[PDB]
Structure formats: C-alpha cells, structure tokens
C-alpha cells in the first residue's frame, strides 16, 4: 500500500538525512541556538511556499482530508522566530539559500499546476516527518542549548491530542487515495525529490 511504499522508497534517504553534518552536529550539541535559528528561518521560507501549494490543492478537492490545516507550520514558525531572534527584524534580513530557492521553485510549480499527487508527496515528507521525529529534535534543542519550549512551537502540533492515532490515520488516508499508475509513480518520484531538496538545504546550512 502507498504508505508503506513511500516509507520503503525513501528509507535510504531518511538515513542519509539523519547523518548530514549540519543535523548531526546540531542534534549532538556541537552547534548552538544561532544555527537552530538559521534552520528555522529557511524552514519558514519553504513551509510558507509548501502551504500555498497545500491551499491550492485542497481547494481543488484532491486529498482534502489529508490536507488538515491544523498541520500548517508557517505562522507558528514565525512566532518561534520572533522569540529566537528577539524581534521581527528577521523577515527583512533572511534570504533563501540556493537549496531553498530550488525547493521553493518546485513547490510554486506544484501550486500553480495544482499538482495533487506531487503536493501529497511533499506533504508526507514534511508533515509526517515533523509529526514522527519532531519530538526528538525539540527535546535536544531544550537539552543541549536551553531553548525555551515556547520557541519550539513548530514541533508541537497544537490542536492534536492523540498523536499516534493521528499518524496511523494519516497513513490510512494515503492508502485510500485514488491514484492511477502514472499519478502513483509521479508521487513516489516527487517524494524522493523532496528528500533531495531537504538534503541540499542541510548542506547549504553546513557551508
């Protein structure tokens, strides 16, 4: 089924994502809140773009029940960044890394083409990933760097009580999606590309 096929086809990329030099250093306590803050800045840029694409696709009527607006991160991230940076100064300073420009450009293409199958792939990669190991990341930013849980709002999905049931139900929605063979292959290819973008984001953050 689709949920299982997405996991297996991106398993080796997810393992490569655990081990990027930036994320590895970040999670082991080698960097700092500054570096976490740079990550979240780039994440605000690509979550903002992804969420426009999600809005487009949901409005078209494709995968509507999967595209839960409580998942939206961009506003919560902006609130986290206001706290991390001390003010709203950041919205006029931050610029997209080249990795992020590529990623945003693909999400904007998916938005404008209202490409349901591609959007779902990216939604899976971003949102199921954040729901799944996000707690791990938040815990380490508190443990290693003393970040206030109030500035880790991205990792709380306010509005979700029972997370484990939410994740199981998300995978059921994936499995229940009406897809032709070309739509399924396009989705799976896209999910692989999503991990490729994310790996280059971390590479640029590392540079």
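Positions refer to the first chain, counted from 1.
Of the two segments examined, 81-89 and 116-124, it is 81-89 that shows the higher average Cα temperature factor in the deposited entry.
Mean C-alpha B-factor is higher over 129-137 than over the other stretch, the pair under comparison being 100-108 and 129-137. Looking only at 168, 68, 55, 41, the residue with the top Cα B factor in the deposited structure is 168. Among the modelled residues of the chain, residue 63 sits in the middle third by CA temperature factor in this PDB entry. In the PDB entry, residue 21 places in the highest third of its chain by CA B-factor.
In the deposited entry, the Cα temperature factor of residue 172 places it in the highest third of its chain's modelled residues. The deposited CA B-factor of residue 6 belongs to the middle third of values across its chain. Placement of the Cα temperature factor of residue 147 within the chain: middle third of the modelled residues, per the deposited record.
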